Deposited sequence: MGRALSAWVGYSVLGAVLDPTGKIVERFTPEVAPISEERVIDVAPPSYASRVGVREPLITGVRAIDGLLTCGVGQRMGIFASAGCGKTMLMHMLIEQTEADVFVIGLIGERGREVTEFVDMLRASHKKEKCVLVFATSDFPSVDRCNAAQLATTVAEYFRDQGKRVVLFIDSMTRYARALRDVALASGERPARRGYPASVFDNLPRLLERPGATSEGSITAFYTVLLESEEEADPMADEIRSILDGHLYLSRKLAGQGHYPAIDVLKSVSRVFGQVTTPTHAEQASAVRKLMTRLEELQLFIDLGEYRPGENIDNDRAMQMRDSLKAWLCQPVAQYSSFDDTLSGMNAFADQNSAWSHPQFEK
């Protein structure tokens, strides 16, 4: 399982199978610069990293205002079917300003992999993106190697001083792949099916992104919620290792409200660390306003109803639209002024 892969500028604008071989390109080769690297390497020493200080502007108002991410943070995207998470990923790719984008699709159906590649084909920052994939037809070993290879490419470009963003689709599937790889060997599984090595190996992958002296890997990890929430232990044991999490709602999805971000169910554990005190005050004000508006739900009724509509309209944002951080904060200020009255 512990394989070596060839990474570098040669795979910029390219699709990789779980072994590091280029199986497709959507732009010419940027430069023939490569490196052989072990894809299951240990995370950087806790004493060598720099703290999550700077924020990462993702262009989305619901994130920049109430859930601001940090350069080096490890965010989670919690979704079920039809919550709109893949268009959220493409939105983040388009709007965010970063040197390199690295997507890692794990256990996805090959149709969806092709669809995402074709989406990357039309992006105007396509030469920055590197896709790594492992379809269902691949063994669990290769689905695991896919996420490890994506993290390794991100690490390569981090050591080059570049600002790197890393997506991993379905951390659930990488967890299940580690579980299956361990179970295929002599490993004992009484903990909800997952043996001991799974819980040591998940954070080993999660603790690799993060800011360094120069160069950084901000990472997003997606988690499937099934359609129950009564039986979902892996989601909650994954949320604990993340520096925040994004909750996507089937409710606002069925409404047509995208990004289907439930702001109240979400948090960025680096928000206060990457936001100015003014922004931090306005965020708490808008949070109180939202909790008051949803707490009320069963001339004082009319104003508050038009206010709920105004706020939900401000939170809604098509992937075409882009909002700068200044305008985002200008909207935050208005919806805080409303809380002050």
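J.: If I number the deposited sequence starting at 1, which residue ranges have no C-alpha coordinates at all?
T.: No C-alpha for residues 1-2, 301-312, 356-363.
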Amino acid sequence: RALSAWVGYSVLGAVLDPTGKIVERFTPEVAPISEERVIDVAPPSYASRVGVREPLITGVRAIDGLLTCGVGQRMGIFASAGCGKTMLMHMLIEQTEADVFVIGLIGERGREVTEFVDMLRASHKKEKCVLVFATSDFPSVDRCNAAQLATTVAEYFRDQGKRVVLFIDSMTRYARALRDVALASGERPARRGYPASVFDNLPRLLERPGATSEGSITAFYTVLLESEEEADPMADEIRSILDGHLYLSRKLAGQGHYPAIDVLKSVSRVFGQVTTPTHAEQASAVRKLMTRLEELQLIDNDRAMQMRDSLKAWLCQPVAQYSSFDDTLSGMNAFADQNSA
From here on, numbers count along this sequence of modelled residues.
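J.: Which has the higher mean CA temperature factor in the PDB entry, 309-317 or 286-294?
T.: Result of the comparison: 286-294.
J.: Could you check which stretch, 76-84 or 145-153, carries the larger mean CA temperature factor in the entry?
T.: The entry gives the higher C-alpha B-factor average to 76-84.
J.: Whose CA atom has the top B-factor in the entry, of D159, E228, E127, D99?
T.: When the deposited C-alpha B-factors of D159, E228, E127, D99 are compared, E228 is largest.
J.: Which of these, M91, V113, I217, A235, has its C-alpha atom at the highest B-factor, as the entry lists it?
T.: That would be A235.
J.: Where does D300 sit by CA temperature factor within its chain: lowest, middle or highest third?
T.: Top third by C-alpha B-factor.
J.: Hey, what third does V7 fall into on Cα B-factor, ranked over its chain?
T.: Lowest third - that is where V7 ends up once the chain's C-alpha B-factors are sorted.
J.: Please rank the C-alpha B-factors of the chain's modelled residues and tell me whether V71 sits in the lowest, middle or highest third.
T.: It belongs to the lowest third of the chain when residues are ordered by C-alpha B-factor.
J.: Would you please rank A122 by its C-alpha temperature factor against the other modelled residues of its chain and give the third it falls in: lowest, middle or highest?
T.: Ranked within chain, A122 CA B lands in the lowest tercile.
J.: Should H245 be placed in the lowest, middle or highest third of its chain by the C-alpha B factor in the entry?
T.: Answer is middle: the recorded C-alpha B-factor places it there.
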